[PDB]
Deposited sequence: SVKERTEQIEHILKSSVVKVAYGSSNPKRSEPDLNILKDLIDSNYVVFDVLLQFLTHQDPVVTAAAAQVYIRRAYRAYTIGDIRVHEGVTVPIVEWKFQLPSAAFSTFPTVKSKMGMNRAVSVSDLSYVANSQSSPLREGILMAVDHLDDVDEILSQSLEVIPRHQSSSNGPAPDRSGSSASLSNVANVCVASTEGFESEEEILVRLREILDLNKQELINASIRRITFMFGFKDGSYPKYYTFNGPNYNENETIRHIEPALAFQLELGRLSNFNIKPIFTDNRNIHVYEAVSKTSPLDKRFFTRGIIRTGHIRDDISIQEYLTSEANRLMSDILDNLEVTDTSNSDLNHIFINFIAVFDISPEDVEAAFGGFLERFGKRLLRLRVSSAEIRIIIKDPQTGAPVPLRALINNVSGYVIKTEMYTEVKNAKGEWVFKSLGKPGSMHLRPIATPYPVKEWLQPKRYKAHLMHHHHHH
């Protein structure tokens, strides 16, 4: 796959750019066919892991077709406008509108940023800036690479504001399969939003950090960038300390042999082990109600009954590890494709150790309320949160309030 996908993109981007037959030359710069890219933008598989490669490629016409992907996909749950491709100081600059405007830039090395930055800003808090770096051959530590960003930011600060930059994101490509890195900095003082590291901000909703609105969060950086760990402390009670962990699975390659059930289940396990590793290391001192949240991103042909079955025994299998770490509940978010309609239908497994004697895997779908809001709707018999809103924050231990 890594290779075959990477190969698949080269062709796929170029088929959008080709308008003509053999021999006859094509326009130097035309639009790219959406319909060809519509596979890549709406794909169930991962894309942002390699796609970044094809942004600082040779042909500038390609770069453009690759960026649309990045933006079209990145802002797919947004009503996107029209995209305009400029030429900047060195590299081209892509600009789009959505509902506010966004800038996208392509670079070769972090030393060349300060340059194009200021320039690009001449294209013009409510707007979005984000930058891809092709490489950082020159630095070593991460903290090293940051402090240059902190400069590169603090240096253009004024210009950044004058373009109403809500937030600016620095991306870092790869080719070996690693998911890119991301550093996003907010606001009128430009500063790392540490809580959304290593995710495009448009997709950040994936972590569902809103649901931690009753606690004071702090990330706890990790080798692994599918896993986001947060130390959380009740706003109303400093003794109610917890550890919310927010894993995301996005599928690179499904095998032929194995069913969807087996896939979900193994991929599922594979996180857990890492997840639980990172905890069996970090200082989880007076923790007590720790939480795991696996968010599958692909869409799947499995059926609800199959899904549920996929997670029978899931936790039981890590009994000790979960018990010493004091994890109590899990929550998994899977997306089925309706058998007839083919429409994607999201599910929600919720598994609860609570009432310590047995585990309980409540199941649910997501559905819009009468009022507008999305709502857990139990698949089976009414369960804990049958009409409750999906976006409902985690409640605090009230009996620790002074």
Query raised in the report: Tell me, which runs of residues in the deposited sequence have no coordinates at all?
Result: 100-137, 163-182, 461-474
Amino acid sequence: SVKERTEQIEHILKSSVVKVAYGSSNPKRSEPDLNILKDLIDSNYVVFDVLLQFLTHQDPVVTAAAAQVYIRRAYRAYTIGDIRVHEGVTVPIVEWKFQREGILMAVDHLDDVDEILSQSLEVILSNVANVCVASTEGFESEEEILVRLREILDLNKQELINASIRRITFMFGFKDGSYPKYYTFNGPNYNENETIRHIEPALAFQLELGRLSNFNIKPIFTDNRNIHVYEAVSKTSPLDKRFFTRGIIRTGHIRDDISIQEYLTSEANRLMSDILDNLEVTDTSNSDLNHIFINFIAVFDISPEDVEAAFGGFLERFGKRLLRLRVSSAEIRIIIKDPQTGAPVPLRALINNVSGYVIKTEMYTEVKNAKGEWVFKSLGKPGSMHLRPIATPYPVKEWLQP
From here on, numbers count along this sequence of modelled residues.
Query raised in the report: Which is higher in the entry, the mean Cα B factor of 391-399 or that of 4-12?
Result: 4-12
Query - Stretch exceeding the other in mean C-alpha B-factor - 108-116, 211-219 - result: 108-116
Query raised in the report: Which one of 169, 245, 282, 141 shows the biggest C-alpha B-factor in the PDB entry?
Result: 141
Report summary line: Note to self: of 31, 362, 366, 373, the C-alpha temperature factor tops out at 31
Requested in this report: Check where residue 178 lands among this chain's C-alpha B-factors and tell me if it's the lowest, middle or highest third.
Outcome: middle
Requested in this report: Please rank the C-alpha B-factors of the chain's modelled residues and tell me whether residue 336 sits in the lowest, middle or highest third.
Outcome: highest
**Report entry** Modelled-residue ranking by C-alpha temperature factor, third containing residue 344
**Finding:** middle
**Report entry** Record-listed C-alpha B factor of residue 201: chain third
**Finding:** lowest
Report task. Would you please rank residue 192 by its C-alpha temperature factor against the other modelled residues of its chain and give the third it falls in: lowest, middle or highest? Result -> middle
